[PDB]
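So the protein lines, in turn, are chains A and G.
For the first sequence, the residue numbers in the authors' numbering are 1 to 9, 11 to 30, 35 to 59, 62 to 72, 74 to 109, 113 to 141, 144 to 228.
For the second sequence, the residue numbers in the authors' numbering are 4 to 29, 36 to 57, 65 to 72, 74 to 80, 83 to 109, 114 to 232.
I have placed the structure first, in the form of structure tokens, so that the comments after it can refer back to it.
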Amino acid sequence: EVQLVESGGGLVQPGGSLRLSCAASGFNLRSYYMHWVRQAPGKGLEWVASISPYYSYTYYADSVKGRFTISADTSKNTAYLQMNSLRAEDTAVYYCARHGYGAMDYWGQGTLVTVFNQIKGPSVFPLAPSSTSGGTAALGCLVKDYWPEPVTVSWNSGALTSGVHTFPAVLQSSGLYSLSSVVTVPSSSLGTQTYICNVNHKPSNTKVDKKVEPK
Amino acid sequence: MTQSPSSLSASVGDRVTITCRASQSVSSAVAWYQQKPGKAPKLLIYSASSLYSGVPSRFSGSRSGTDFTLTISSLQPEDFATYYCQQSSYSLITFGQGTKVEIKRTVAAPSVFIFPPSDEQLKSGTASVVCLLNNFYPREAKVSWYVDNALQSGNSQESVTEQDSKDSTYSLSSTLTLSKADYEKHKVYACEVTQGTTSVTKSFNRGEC
Ligand SMILES: [Cl-]
Ligand SMILES: [Cl-]
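Structure (structure tokens):
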């Protein structure tokens, strides 16, 4: 029997890219029009793209033009949707479908594409100094689990700039960002000087100040 | 493509009419799709009025200038779904916004089927006779097995599946397990299904196709 089997969906970042596959069996798609149709959660069907037999002409909904590419590989009897520059509005279940009787007679099972969209303020944890490092100690703040980028970090409201290293954020497997900011200070100052990192996350209208003390 | 209405609540047995006003030209005949929750759309009607293979005769489509209608002449509980119209042109496909058809809960009688054991299984020394009660509500239905009109007890097991939706129905299988000897020495096999004030008995005669 004729079948379309999709794969490739999942969780992706805005601005990211994904490729969906639609593997045909029981027919060769070389001679058919294939289409992609999507459905945002709780909403209706929206046509996305189509590709034509033999000449591989392509047509796109205005919402995806210049970002999505439909293609087909006849030797692999598979059609594809290359999704670039993804936006929050692209979150949907994506269906591939074959054109038959003036309509779409066979449909794939659908695959979910979720574009990360959950704003979250950061948690700020101390990177505490001991001492075992001679006359110079390191301390810092771990800025964990925020979205989207960016955060800014200062120390002592900007009064402390020498020796500061604020690292680029890394994207974690959760889809949330994390970074650290560190500063090297004289060990003699640990008992007397206060050190506070100031973390501003404008997307969530959240600022966090964390006083970093020896443990 | 405005569809009308955008949603409606109906009862089993009602005639349902869904309208679709064309956004593309009318020569681009309309197709109609049914989509159950969490499932892919299913083609019902193409070319405005042509019934796709296997679709029940209670679905029909028609046209009146720029106006295409889908009619479900007698709603069944399995018709709970969102329905979509679509026009297709070489450069452009458009869907209507969808019409959610909600159906009031009510008693649904099972479709009953009985299955003799296969010749292949009799080679194992055992005969399984299976009775299927398909798409019924509520849960309570009584299955009674008869073999040459003798009520059976202690030699059947039942299993139940539920569609897991809002207008979900049950299905139930009951399996009677007999030795090959007992199966071959009796002739009439009957599954009686009792729901409320109705009993339905499906039967077969061993060896009579
Ligand atoms: Cl049960
Ligand atoms: Cl006989």
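All C-beta atoms, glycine included, are put in the ideal place defined by N, C-alpha and C.
Spatially closest choice to residue i from the options, by CA coordinates
i, options, result
"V198 (chain A)", "A:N218, A:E226, A:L189 and A:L30", "A:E226"
"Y190 (chain A)", "A:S201, A:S55, A:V164 and A:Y88", "A:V164"
"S65 (chain G)", "G:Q105, G:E207, G:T217 and G:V170", "G:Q105"
"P140 (chain A)", "A:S170, A:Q206 and A:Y64", "A:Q206"
"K146 (chain G)", "G:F99, G:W41, G:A204 and G:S134", "G:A204"
"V15 (chain G)", "G:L94, G:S179 and G:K123", "G:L94"
"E97 (chain A)", "A:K84, A:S144 and A:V71", "A:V71"
"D17 (chain G)", "G:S92, G:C232 and G:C214", "G:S92"
"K45 (chain G)", "G:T198, G:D187, G:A13 and G:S226", "G:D187"
"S194 (chain G)", "G:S179, G:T184 and G:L201", "G:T184"
"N213 (chain A)", "A:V156, A:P181, A:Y59 and A:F76", "A:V156"
"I21 (chain G)", "G:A13, G:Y68 and G:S28", "G:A13"
"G27 (chain A)", "A:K215, A:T86 and A:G147", "A:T86"
"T224 (chain G)", "G:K165, G:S179 and G:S182", "G:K165"
"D142 (chain G)", "G:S83, G:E207 and G:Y109", "G:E207"
"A25 (chain A)", "A:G16, A:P15, A:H40 and A:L19", "A:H40"
"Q90 (chain A)", "A:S57, A:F76 and A:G188", "A:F76"
"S36 (chain G)", "A:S79, A:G113, A:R106 and A:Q14", "A:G113"
"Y59 (chain A)", "A:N211, A:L50, A:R35 and A:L173", "A:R35"
"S201 (chain A)", "A:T219, A:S144 and A:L4", "A:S144"
"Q144 (chain G)", "G:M4, G:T200, G:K127 and G:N157", "G:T200"
"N157 (chain G)", "G:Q175, G:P139, G:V135 and G:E163", "G:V135"
"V211 (chain G)", "G:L174, G:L155 and G:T221", "G:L174"
"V71 (chain G)", "G:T85, G:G84 and G:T90", "G:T90"
"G176 (chain A)", "A:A150, A:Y159 and A:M115", "A:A150"
"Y160 (chain G)", "G:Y102, G:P96, G:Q180 and G:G119", "G:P96"
"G171 (chain A)", "A:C154, A:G188, A:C210 and A:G9", "A:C210"
"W168 (chain A)", "A:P137, A:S146, A:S186 and A:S187", "A:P137"
Distance cut-off 7 Å: residue i Cβ against heavy atoms of ligand 2
i, result
"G230 (chain G)", "yes"
Secondary structure of residue i, DSSP reduced to three states
i, result
"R75 (chain A)", "coil"
"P137 (chain A)", "strand"
"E185 (chain G)", "strand"
"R35 (chain A)", "helix"
"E226 (chain A)", "coil"
"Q180 (chain G)", "strand"
"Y42 (chain G)", "strand"
"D98 (chain G)", "helix"
"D81 (chain A)", "strand"
"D98 (chain A)", "helix"
"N211 (chain A)", "strand"
"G153 (chain A)", "strand"
"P199 (chain A)", "strand"
"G47 (chain A)", "coil"
"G171 (chain A)", "helix"
"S217 (chain A)", "helix"
"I54 (chain G)", "strand"
"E231 (chain G)", "coil"
"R18 (chain G)", "coil"
"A25 (chain A)", "strand"
"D69 (chain A)", "coil"
"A105 (chain A)", "strand"
"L115 (chain G)", "strand"
"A25 (chain G)", "coil"
"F76 (chain G)", "strand"
"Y64 (chain A)", "coil"
"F87 (chain G)", "strand"
"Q105 (chain G)", "strand"
"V166 (chain A)", "strand"
"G9 (chain A)", "coil"
"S193 (chain A)", "strand"
Review point. Who's in the neighbourhood of ligand 1, going by beta-carbon under 7 Å from any heavy atom, listed in chain order?
Key: Residues whose Cβ lies closer than 7 Å to any heavy atom of ligand 1, listed in chain order: G:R162 and G:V183.
Review point. What alpha helix (DSSP H) runs, 4 residues minimum, are completely inside the region 122 to 193 of chain G?
Key: List check, alpha helix (DSSP H) in window: 142 to 145.
Check your understanding: Which runs of the beta strand (DSSP E) spanning at least 3 residues fall entirely within the region 198 to 226 of chain G, listed in chain order?
Key -> Every beta strand (DSSP E) stretch that sits fully inside the region 198 to 226 of chain G and reaches 3 residues is listed by chain position as 211 to 218.
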